[PDB]
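J.: Before I ask anything, here is the structure I am working with.
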Amino acid sequence: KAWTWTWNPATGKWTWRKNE
């Protein structure tokens, strides 16, 4: 419940994303 939850191809594992 930290930030957005989208696909993170950068590493290969769905990682949270923050826009701040």
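All residue names refer to the structure tokens as shown: chains lettered A, B, ... in order, residues numbered from 1 in each chain, ligands numbered from 1 in order.
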Which residues, written as a PDB file with N, CA and C atoms, in the first residue's frame, have at least one atom at most 12 Å from residue A:14, with only C-alpha atoms counted and residues fewer than 5 positions away on the same chain left out?

T.:
```pdb
ATOM      1  N   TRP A   3       2.901   2.774  -3.003  1.00  0.00           N
ATOM      2  CA  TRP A   3       2.604   3.574  -4.186  1.00  0.00           C
ATOM      3  C   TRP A   3       1.912   2.734  -5.253  1.00  0.00           C
ATOM      4  N   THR A   4       1.957   3.207  -6.495  1.00  0.00           N
ATOM      5  CA  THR A   4       1.333   2.499  -7.605  1.00  0.00           C
ATOM      6  C   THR A   4       1.907   1.095  -7.755  1.00  0.00           C
ATOM      7  N   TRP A   5       1.131   0.205  -8.361  1.00  0.00           N
ATOM      8  CA  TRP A   5       1.563  -1.172  -8.567  1.00  0.00           C
ATOM      9  C   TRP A   5       1.475  -1.557 -10.040  1.00  0.00           C
ATOM     10  N   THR A   6       2.546  -1.293 -10.782  1.00  0.00           N
ATOM     11  CA  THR A   6       2.588  -1.610 -12.203  1.00  0.00           C
ATOM     12  C   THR A   6       3.732  -2.566 -12.519  1.00  0.00           C
ATOM     13  N   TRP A   7       3.766  -3.052 -13.754  1.00  0.00           N
ATOM     14  CA  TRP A   7       4.809  -3.977 -14.184  1.00  0.00           C
ATOM     15  C   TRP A   7       6.153  -3.265 -14.300  1.00  0.00           C
ATOM     16  N   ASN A   8       7.169  -3.817 -13.644  1.00  0.00           N
ATOM     17  CA  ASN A   8       8.505  -3.235 -13.673  1.00  0.00           C
ATOM     18  C   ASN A   8       9.475  -4.138 -14.428  1.00  0.00           C
ATOM     19  N   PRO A   9       9.566  -3.934 -15.750  1.00  0.00           N
ATOM     20  CA  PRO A   9      10.455  -4.719 -16.613  1.00  0.00           C
ATOM     21  C   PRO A   9      11.927  -4.408 -16.365  1.00  0.00           C
TER      22      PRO A   9
END
```
